[PDB]
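Here's the structure, in structure tokens; my notes come after.
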Amino acid sequence: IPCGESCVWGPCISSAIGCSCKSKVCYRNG
């Protein structure tokens with residue numbers, strides 16, 4: 001599930017809420 005953050009140049013600030021960079025945007029479990 002996309003969270004609402006891009007990660008093309010820098011990692012997900014939303015890692016705090018469980019989101020990780022996949023395919024240039026931040027996702028939690030798809």
Side-chain angles (χ1 to χ4, degrees):
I1 305 294
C3 305
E5 180 185 356
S6 171
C7 52
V8 63
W9 308 130
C12 302
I13 300 163
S14 59
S15 63
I17 64 170
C19 307
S20 56
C21 192
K22 310 281 153 64
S23 305
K24 307 185 306 195
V25 311
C26 301
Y27 288 87
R28 192 165 184 182
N29 290 62

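Reckoned from all heavy atoms, side chains included, excluding hydrogens, waters and symmetry mates. Positions are given from 1 along the sequence.
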* **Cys pair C12, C7: SG separation below 2.5 Å** => no

* Does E5 reach the main-chain N or O of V25 with its side chain, forming a donor-acceptor pair under 3.5 Å? -> no

* With clusters built from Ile, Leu, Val, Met, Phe, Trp and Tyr whose side-chain heavy atoms come within less than 4.5 Å, directly or transitively, what are the remaining members of the cluster of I17, listed by chain and number? -> none

* With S6 via side-chain hydrogen bond (donor to acceptor under 3.5 Å, both in side chains) - residues at least two apart -> none

* Can you check disulfide bond (SG atoms under 2.5 Å apart) on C3 and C26, steps first, answer last? -> CA-CA 6 Å; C3 305; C26 301; over 6 Å; no

* Structure fact -> The complete set of side chain to side chain donor-acceptor pair (under 3.5 Å) pairs with one or both residues in residues 15-30, sequence neighbours excluded, reads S20-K22

* Asked: Which other residues end up in the same hydrophobic cluster as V8, if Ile, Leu, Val, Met, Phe, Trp and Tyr are linked when side-chain heavy atoms come under 4.5 Å apart?
  -> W9

